[PDB]
């Protein structure tokens, strides 16, 4: 099935003697070198899409001071999150995938895995927080609220709290950062066992706290928001903008949900089927399927929630 290592796991049998370290040999026996050529080029593509959108969001807020409102902070956060994925992830991956094997050593492996994962988690919980904010604002559940800058700060801070609750444990001994898939990119070890780092407890913790809870919250919040807008539209049959808002909001909520399922249900399904189907074995081609869907969110969560968001189309 695979070559077990301390800092690594290469999905390829050593009974032949061919396998080498992912910190060592160009992994052209996992896949022909054309595949790693494309790999490095693809990281540069997403650098040249992600940093444009995500930096420009920050820049625009500076330029136009009309946008500096509490509700937009978590989208600024989202932009920030994806820039970790550009530099911690894509740039340092660029300098390794160009070779075929991970260049900056296992300490660079922890740095890459950490900052990439930190950005991905900040984005995840930014979207959870965004749904929560819109729920409270529109549905008015508490009904004795104002929502000021203090609440926006708590919302942003909470995403960093949760992101660290995921990205930092592999730095102290709860799971490990290792090269996954084609072994040029380091991430969480959700796919092997390791009793020294307690991978099983980490993976279960991940699946529930960092998937099921975010998904439940996002479905619930946007569900209540759509119900509220539908209900308002029902009562004001002759109010054109509410009928418009009903249709537009529902279009966007469906987009939001599908974006989040595309982004995370790959890792969720892969890790869960690794967990319950122990009699299995996957190689780099399929171990990078979930990495694919998650990494590209650095582009199209900024598109879906910032570009399409009606307070930034007017700067365009």
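Numbering follows the first chain given and starts at 1.
Give the stretch, out of 217 to 225 and 139 to 147, with the larger mean C-alpha temperature factor in the deposited entry.
-> Comparing 217 to 225 with 139 to 147, the higher average CA B-factor belongs to 139 to 147.
If you average the Cα B factors in the entry, which is higher, 62 to 70 or 250 to 258?
-> Comparing 250 to 258 with 62 to 70, the higher average CA B-factor belongs to 62 to 70.
Highest Cα B-factor in the deposition, which of 99, 230, 244, 210?
-> That would be 99, according to the entry.
Out of 159, 117, 237, 183, which shows the largest CA B-factor listed in the entry?
-> The record points to 183.
In terms of the chain's CA B-factor thirds, is residue 90 lowest, middle or highest?
-> For residue 90, the deposited C-alpha B-factor lands in the highest third.
Comparing residue 270 with the other modelled residues of its chain, is its CA B-factor in the lowest, middle or highest third?
-> Its C-alpha B-factor, which the entry lists for residue 270, ranks in the middle third among residues of this chain.
Looking at the entry's B-factor column for C-alpha atoms only, identify whether residue 169 ranks in the lowest, middle or highest third of its chain.
-> According to the entry, residue 169 has a C-alpha B-factor in the chain's lowest third.
Place residue 77 in the lowest, middle or highest third of its chain's C-alpha B-factors, as listed in the PDB entry.
-> Ranked within chain, residue 77 CA B lands in the lowest tercile.
Residue 299 CA temperature factor, ranked by third within the chain | Middle third - that is where residue 299 ends up once the chain's C-alpha B-factors are sorted.
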